[PDB]
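Read through the structure below, which is laid out as structure tokens, and then see the notes.
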Amino acid sequence: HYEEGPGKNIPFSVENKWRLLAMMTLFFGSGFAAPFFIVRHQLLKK
Amino acid sequence: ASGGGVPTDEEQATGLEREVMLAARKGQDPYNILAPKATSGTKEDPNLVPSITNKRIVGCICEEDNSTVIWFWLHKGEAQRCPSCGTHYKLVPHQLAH
Amino acid sequence: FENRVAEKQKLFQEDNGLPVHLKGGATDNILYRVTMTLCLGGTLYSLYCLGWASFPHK
Amino acid sequence: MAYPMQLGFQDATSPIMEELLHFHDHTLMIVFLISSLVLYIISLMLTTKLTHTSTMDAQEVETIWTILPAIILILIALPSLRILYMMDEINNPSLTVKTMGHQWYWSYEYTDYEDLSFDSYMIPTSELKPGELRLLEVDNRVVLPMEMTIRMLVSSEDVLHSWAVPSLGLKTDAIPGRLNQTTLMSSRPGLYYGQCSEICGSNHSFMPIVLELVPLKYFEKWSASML
Amino acid sequence: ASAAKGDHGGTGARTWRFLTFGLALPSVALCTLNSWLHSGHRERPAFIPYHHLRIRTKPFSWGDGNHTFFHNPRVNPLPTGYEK
Amino acid sequence: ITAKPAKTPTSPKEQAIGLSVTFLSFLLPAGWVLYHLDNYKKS
Amino acid sequence: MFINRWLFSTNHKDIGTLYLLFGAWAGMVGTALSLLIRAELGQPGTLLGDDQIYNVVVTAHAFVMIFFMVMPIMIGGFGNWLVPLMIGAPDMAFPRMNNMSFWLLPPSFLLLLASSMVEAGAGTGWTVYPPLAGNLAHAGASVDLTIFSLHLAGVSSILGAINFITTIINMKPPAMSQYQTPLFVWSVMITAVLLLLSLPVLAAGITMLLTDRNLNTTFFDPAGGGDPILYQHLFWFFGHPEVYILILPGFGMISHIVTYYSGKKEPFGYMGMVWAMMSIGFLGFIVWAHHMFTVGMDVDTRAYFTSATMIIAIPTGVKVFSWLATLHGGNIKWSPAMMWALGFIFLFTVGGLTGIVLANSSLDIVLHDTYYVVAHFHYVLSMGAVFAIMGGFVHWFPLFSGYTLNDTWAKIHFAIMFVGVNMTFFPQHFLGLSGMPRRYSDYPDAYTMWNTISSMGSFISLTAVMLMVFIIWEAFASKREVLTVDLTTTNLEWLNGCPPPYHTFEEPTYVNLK
Amino acid sequence: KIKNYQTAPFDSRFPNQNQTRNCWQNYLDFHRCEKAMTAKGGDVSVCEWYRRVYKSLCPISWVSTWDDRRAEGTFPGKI
Amino acid sequence: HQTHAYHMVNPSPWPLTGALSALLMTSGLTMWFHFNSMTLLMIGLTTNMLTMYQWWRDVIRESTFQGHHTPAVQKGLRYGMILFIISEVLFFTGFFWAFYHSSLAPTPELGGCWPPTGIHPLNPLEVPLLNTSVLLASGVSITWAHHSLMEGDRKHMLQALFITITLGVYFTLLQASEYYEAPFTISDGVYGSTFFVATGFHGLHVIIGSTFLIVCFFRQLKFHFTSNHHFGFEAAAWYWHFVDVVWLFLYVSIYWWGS
Ligand SMILES: CCCCCCCCCCCCCCCCCC(=O)OCC(COC(=O)CCCCCCCCCCCCCCCCC)OC(=O)CCCCCCCCCCCCCCCCC
Ligand SMILES: CCCCCCCCCCCCCCCCCC(=O)OCC(COC(=O)CCCCCCCCCCCCCCCCC)OC(=O)CCCCCCCCCCCCCCCCC
Ligand code: HEA
Ligand code: HEA
Ligand SMILES: CCCCC/C=C\C/C=C\C/C=C\C/C=C\CCCC(=O)O[C@H](COC(=O)CCCCCCCCCCCCCCCCC)COP(=O)(O)OCCN
Ligand SMILES: CCCCC/C=C\C/C=C\C/C=C\C/C=C\CCCC(=O)O[C@H](COC(=O)CCCCCCCCCCCCCCCCC)COP(=O)(O)OCCN
Ligand SMILES: CCCCC/C=C/C/C=C\CCCCCCCC(=O)O[C@H](COC(=O)CCCCCCCCCCCCCCC)COP(=O)(O)OCC[N+](C)(C)C
Ligand SMILES: CCCCCC/C=C\CCCCCCCCCC(=O)O[C@H](COC(=O)CCCCCCCCCCCCCCC)COP(=O)(O)OC[C@@H](O)CO
Ligand SMILES: CCCCCC/C=C\CCCCCCCCCC(=O)O[C@H](COC(=O)CCCCCCCCCCCCCCC)COP(=O)(O)OC[C@@H](O)CO
Ligand SMILES: CCCCCC/C=C\CCCCCCCCCC(=O)O[C@H](COC(=O)CCCCCCCCCCCCCCC)COP(=O)(O)OC[C@@H](O)CO
Ligand SMILES: CCCCCCCCCCOC1OC(CO)[C@@H](O[C@H]2OC(CO)[C@@H](O)[C@H](O)[C@@H]2O)[C@@H](O)[C@H]1O
Ligand SMILES: C[C@H](CCC(=O)O)[C@H]1CC[C@H]2[C@@H]3[C@H](O)C[C@@H]4C[C@H](O)CC[C@]4(C)[C@H]3C[C@H](O)[C@]12C
Ligand code: CUA
Ligand SMILES: [Cu+2]
Ligand SMILES: [Mg+2]
Ligand code: NA
Ligand SMILES: [Zn+2]
């Protein structure tokens, strides 16, 4: 069966807080950055 | 105008469907399909709560029509009382599948 | 025709730990792999198309 | 037009717009009262160490907080509907002017007697004359006679647009294939501004409306000269 | 309503088969008779290039982009009129 | 609610690092695009 | 094992978790788009120098916040996690179909991002009105990709609604009547009913737009005898129920939070709360044309929609006053969640009241398509929904994860956000009354002050969002495991521990019929 | 004669905001009258009122498009 | 071990393959409508058929073969199907609204009349009437099929179900012929728009309904259904009645009143 309990019922690991910081940073950061880059994409097409 | 060839539940039901069907025939409710009827809930006449383990969550509707349900774990051992109305409940553990 | 439901019930209730989508046998595995390959490949192809359509061809 | 740091509505240019100002004052009072009362009660419930956590009976206070709101709604609805129907009253205009929305300008047609029509484009910021308003000035204004009931017919020749003049309390969507009617009546002479009020693409922010209200005599000579 | 028949003392398989063969299918047979009688190709009307018809705001994603999906040369004219 | 002490405490120094990294992950990319806006507009 | 668990899930908790993750990510996308909006309006002139891009940004912002952030979080996240637990059910009725409701969202989101990448994007407004959205004014794939994104999100929500309604109706303990289920469960069921009835109408309407754009139909094209106003009717017939769909689960969570932190065993006037939500749901289907007061409607029709719309204030008032009556006499626990709930009550009331101002067609002629409308919905919808989501998130985070947040940091986050949203939106009332149109990339000079302040407030909220991410990180980084939770006798979802095991209620609860 | 027209008066048959039919009706009436008059041998000046009303209400592009269609034989209305 | 009667489903790949096939079909339609290619669409349609096949195959395995459909599970499936049908009714409602909006206030472009100038409607007394008797009749035969199953009569269940399906196929063939014979097209203004899109979606539903009945036919041949447990057949029948009622409204509205 699957692991259960705190830190085990999630699709990401919280074993190391710094690797976690990196993960959360890429996750939330990629979401927040996308519109800026889409605008940039549209400005550079013409 | 008429004939047969269609199986019946008695001949073809299987798995859990068959279990519920055969148990219902003996008047039993191992899969909790029915709402149990309350006893007087006194110390001498507590509500008997079946369980296959040593604790079961009980939900007490203190008075008829109450919209608030009082929930608590009932453990094996001495009868416990509803935190709200004090009616008694006692766990009666194990079995189900022979 | 004859009723072979009981045979199928035995096959699908066999204690082999297989999930229902694979419990029928080797064919289930093939069909699943075909399905998932077409889905994943088609998705990669769609991303490719998006990349292509994202830019002007004047 | 709006001025710097404006809080409320533009001053009323027509009697209907004045009517709306008084109705908004009435409604806003109610909005202030109810929101302040709610804030107050939140603070009242949160500022005492006294408690009562047992079951509380509801079918009594629910009457009050059901009947009161109902009365307040009728107190808002009455003057609201009076104005709605008042706007709708038959008024019989002295003039009919049509306006067609286009992808990025308005055209006007005064075809009661002569076949007068022209385009009205926003004056680019680079071409504004000293003292003129950025994004609001047009090359050709909608000259109209003051103190007269005018029928405005609105439509479009492409996408949706919306013809608006806040000071007069007007906003009528410009829909292709449809001819929407509204009546205009200015109590004073002057210049009255509005802006396209339905997203129509790239230059939705740049196709304003400017009405120039003058005495009938000047309106007639202007029509003549515009043929 | 109640129809004009009767039974109702017990609606079972026999009753529904009776309705299938005694009412339903005979109705289908009659309508099939009436239809495959009133058919016969109607003389197609003169072509008039009305602007509210034969709409083309974007070519169709098939054929030459000017023919509807179930185009029938006999009765469906193109924006320029009937075909050869 | 009651809970037990942190199994892996995050000191003030560690929190300053997490907070800074977090703020930077949002601000840098957006800042970069916005800074180069004129470079995109006409190019 | 990872793929089996996270890609092939049939578990309500794991699926609710995927939804919360998806919604949080979408919230980041939606926030960035909103900052781009406010940056363009931060000072007079043009920033992007491309108004079609600005329009595409406004459009995407709305779709993302509504379809990818709010609905997924409230219904897919909190709904999947809490509904089965609150009724003692082993899972949802259709646990496998439930997984597809989730998996349809990433593709739907990809289609939305694709529409903004190809051609010049769909700069239509989230209402997607033709002819602007037609194949002449918006030629190319963009609008078609937007329509398809909505189709996928629509199927996801319709199947989800069927699942929730069936689960809530069919899977309660034998002895529990519908009048013994918690208010959140009621809020989700009513929301599901609105979704079931309204989304198919939107699907019909956008399918008609799709055929007008690609199959030469003319449902909304006057040249073929069509009517652009028909689309508006079909859209708003779905649109108004949708705004209530966005707030109902919020009302549900607010009822639990307020009851919980008031130290109460139950909300004041339970049946009145049930009645209020049902009435709001019902009335929400007969008021749609208040979004069309300037299209040229008959005066009697306008008088009817003005009246019907106002009536919704009565049932809504019963809820507001009941929340206050729940606080009355309570042993108030000033937790971060309670703060979000109190902020909700006040901010929602403000927005609701400006909605009542707008209900009056006479005034709406002047306020329609101006910033007064934008101010109205950012209070009821933006603050209302976001404050309910934050309150529920901080309140149930320990249940979902098994860890506690730092209460001080969470109170700081609330404070910043409260200042930010009010500085951003309150000035917009002034801009609206004075005539500034919505959907504008620039404005006449007189409007400069309020737009400047509004854009500054938008940065304050950005600071709150970044802090929120850090706070979540800190919780997961410190690992303070939960021990005890108060009031579990009237909050069943907490009774199986934090986090509850994969399979809960394998042995159902025992509830007497008496 | 009997004229002295300023603009099209209120018409109880078209009392609402959508005036499309009012314009259309008066355009049809003018051309139906004009046809009957030029046909049976009479004066088009009796059709004047309709001409004035439709001219006042109808967008130039509509009148123009309808005129073009009557000429082409594609006018969908009955005249 | 569980002591409730509900079904905990094994982790399944179908929800994902189904979602991806949705992406492929929508992407596919876009590629077809704009970048003149049917490659994505073809893959999408294929994975969609494969997903439905395997997903419903498994539901049969879980019920007929494993016995997971206890009365509580079957009760939920009943609610699920009723709710599904309700959402379909609302979908069609949008098309009827579109039809009535256009026909009740014909615009000047149509000649200010309905049907529009230049449109020559089909005679509702000809094939449209035949189609009506065909669906009404299949409603009678499927009811006979249902009673035969409940009464344990295999042969007559199969006979009645076969007749129902043949009638559904007859309707489809007749409709296809009507489509080809119609002098008006989908591009003929709002008349052709409302006609083809509404009857077109209905036709799709008739095909889906026929397919569902065919699935039941084969499951019956294989003895899956018992005289008392046969939800798949019941769902097929409810769906079939829905399709029948939608036709009656289309016939009355579009074909008869709209002519
Ligand atoms: C897009 C994803 C970014 C990629 C970054 C990941 C890098 C992996 C390297 C890889 C390095 C391997 C490390 C192994 C283990 C840990 C990392 C993990 O396994 O990797 C992946 C895991 C974990 O996710 C993470 O990685 C970190 C996330 C941390 C989240 C903290 C959330 C706190 C809030 C609380 C939420 C509720 C839970 C609380 C309660 C607790 C639960 C009960 O995700 C998932 O498998 C499921 C998530 C699915 C969907 C979410 C949003 C997607 C939107 C897509 C639409 C796109 C449209 C086109 C858009 C195209 C873009 C232009
Ligand atoms: C940041 C914005 C700065 C604005 C400064 C104004 C400049 C004054 C020049 C000083 C110049 C004075 C001379 C001007 C007179 C012209 C009168 C008129 O023709 O114009 C009429 C206009 C103008 O409005 C006014 O007649 C002034 C009202 C001002 C209300 C200010 C509330 C401030 C709260 C603090 C921050 C906001 C966020 C709180 C949220 C409040 C909820 C709405 O009316 C409106 O439609 C605006 C508001 C509309 C809708 C909101 C309804 C709910 C209010 C809730 C009250 C909560 C109280 C608790 C107390 C609140 C506790 C939080
Ligand atoms: C959470 C989402 C949500 C909710 C709940 C509401 C609730 C309401 N909305 Fe709002 N609304 C939107 C989201 C929402 N709205 C959106 C997104 C738009 C614009 C969409 C777009 O164009 O893009 C919009 C647009 C909008 C319009 C159109 C404006 C225009 O475009 O010109 C109107 C018209 O009447 C309106 C009215 C109302 C009313 C009367 C309520 C009522 O339900 C509010 C009732 C609540 C209260 C009144 C407060 C609590 C009550 C009391 C304390 C009791 C006492 C009160 C009284 C006696 C008055 N809304
Ligand atoms: C749910 C709906 C929602 C939300 C939250 C928001 C949030 C915001 N919106 Fe809104 N907006 C709309 C819906 C919403 N908006 C709609 C429907 C339109 C109309 C579009 C059109 O005209 O077509 C619009 C239009 C619109 C305009 C008008 C554009 C124009 O007319 O030109 C403006 C202008 O300032 C604006 C600003 C903002 C800002 C600054 C925020 C926010 O930054 C305010 C602060 C809120 C947040 C930062 C959200 C944080 C939430 C999360 C990150 C989730 C966290 C997740 C978990 C805890 C699980 N929005
Ligand atoms: C281009 C068209 C194509 C589309 C066709 C659509 C569906 C049709 C497909 C199959 C239908 C036909 C047969 C079905 C297959 C096997 C049938 C054999 C069973 C049988 O013989 O059934 C008999 C019924 O008669 C029967 O078929 C009788 C069946 C015939 C009924 C219709 C014929 C009409 C004849 C003229 C009468 C019309 C007059 C109208 C009067 C007014 C009505 C109210 C009853 O007998 P039994 O002894 O009680 O039964 C013992 C077990 N079978
Ligand atoms: C035989 C009776 C049964 C009808 C269906 C059978 C075959 C057609 C293929 C798919 C139909 C499925 C749904 C209907 C969608 C559009 C209307 C189709 C109805 C139809 O088939 O109409 C035909 C038009 O074909 C056209 O454009 C068809 C063009 C085909 C492209 C399909 C476009 C796909 C658009 C689908 C959008 C899907 C959105 C669904 C949303 C679901 C909810 C989320 C009519 O032909 P015609 O030549 O104009 O006139 C006849 C003159 N002799
Ligand atoms: C826009 C329009 C809306 C505006 C205003 C509406 C506000 C209403 C204002 C006042 C309401 C008056 C209700 C009167 C109830 C008396 C309170 C009381 O005292 O509460 C109980 C009554 O139960 C009960 O009604 C249950 C407890 C109290 C009942 C009512 C509680 C809620 C009151 C309102 C809460 C604040 C929210 C107001 C919203 C505006 C006490 O019970 P007993 O004395 O039997 O037992 C005590 C034992 N003895 C016998 C030894 C004394
Ligand atoms: C091209 C343009 C847009 C395209 C979008 C297409 C989107 C997805 C396409 C692929 C989906 C097909 C896959 C088959 C889905 C079967 C779902 C099903 O059959 O779900 C069932 C529940 O719904 C029930 O009953 C009753 C409900 C039956 C639901 C059938 C699903 C149809 C999906 C389309 C819905 C359209 C919405 C209609 C409104 C306009 C079974 O529930 P499970 O949890 O599985 O099992 C529970 C176990 O106890 C069973 O033993
Ligand atoms: C049933 C509930 C109780 C009834 C109470 C009343 C509320 C709705 C009534 C439903 C039927 C009303 C039909 C009345 C026809 C009169 C109006 C009419 O004639 O409207 C027409 C369109 O109606 C149309 O499509 C009307 C088409 C539908 C619009 C109403 C929306 C409801 C549809 C969804 C309902 C879901 C229920 C599920 C069904 C099983 C055309 O447009 P007008 O604006 O008229 O243009 C004329 C102008 O030129 C003059 O200025
Ligand atoms: C060229 C043709 C391709 C066209 C695409 C669509 C193709 C086919 C759609 C037809 C759907 C077939 C569904 C077959 C379902 C088989 C599984 C089944 O029927 O499963 C049954 C449960 O019902 C269940 O899940 C009920 C499940 C309900 C599913 C019905 C949903 C219809 C799907 C519509 C999708 C499109 C939406 C419209 C688009 C606008 C199993 O229980 P029982 O029958 O009681 O058996 C148990 C007994 O044996 C015990 O003794
Ligand atoms: C709405 C959300 C946005 C919030 C505002 C963003 C807050 C500030 C972000 C800082 O980010 C940056 O700062 C720069 C300037 O300080 C840049 O450097 C740039 O500028 C330089 C010097 O001025 C150079 O050293 C480099 O080449 C360079 O590209 C730029 O890349 C960027 O990452
Ligand atoms: C009768 C029903 C349920 C009562 C119960 O079974 O417990 C209750 C619940 C909510 C009540 C309604 C709400 O309290 C709101 C209204 C309050 C007014 O005092 C009377 C009518 C009013 C519309 C109420 C009528 C009726 O008493 C309702 C509808
Ligand atoms: Cu024209 Cu906006
Ligand atoms: Cu609304
Ligand atoms: Mg508008
Ligand atoms: Na700007
Ligand atoms: Zn009790």
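What you see of chain I is 3-261, where the numbers are those given in Swiss-Prot.
The deposited model was determined using X-ray crystallography, 1.9 Å.
The backbone N, Cα and C atoms fix where each Cβ goes, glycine too.
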Swiss-Prot: matching membrane side for I:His71 and I:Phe186: no
For the transmembrane segment (I:41-66): best-contacting stretch of I:16-34, I:129-152, I:156-183, by Cβ pairs under 8 Å: I:16-34
Cβ-Cβ under 8 Å with the topological domain 'Mitochondrial matrix' (I:224-232): same-chain residues at least 6 beyond its ends: 62, 66, 71, 76, 151-154, 218
Distant-in-sequence neighbours of the topological domain 'Mitochondrial intermembrane' (I:106-128), which means Cβ under 8 A and at least six residues beyond its ends: 180, 184-186, 190-194, 253, 257-258, 260-261
Dominant neighbour of the transmembrane segment (I:233-256) in I:16-34, I:73-105, I:191-223, by Cβ pairs under 8 Å: I:191-223
Helix, strand and coil residues within the topological domain 'Mitochondrial intermembrane' (I:257-261) as assigned by DSSP: 3 helix, 0 strand, 2 coil
Positions on the same chain near the topological domain 'Mitochondrial intermembrane' (I:184-190), where near means CB under 8 A and six or more residues out: 120-124, 197-199
Non-local residues, at least 6 beyond the ends, that sit with Cβ under 8 Å of the topological domain 'Mitochondrial matrix' (I:67-72): 7-9, 79, 231, 233
Same-chain residue ranges lying at least 6 outside the topological domain 'Mitochondrial intermembrane' (I:257-261) that approach it to Cβ under 8 Å: 101, 105, 116-117, 123-126, 130
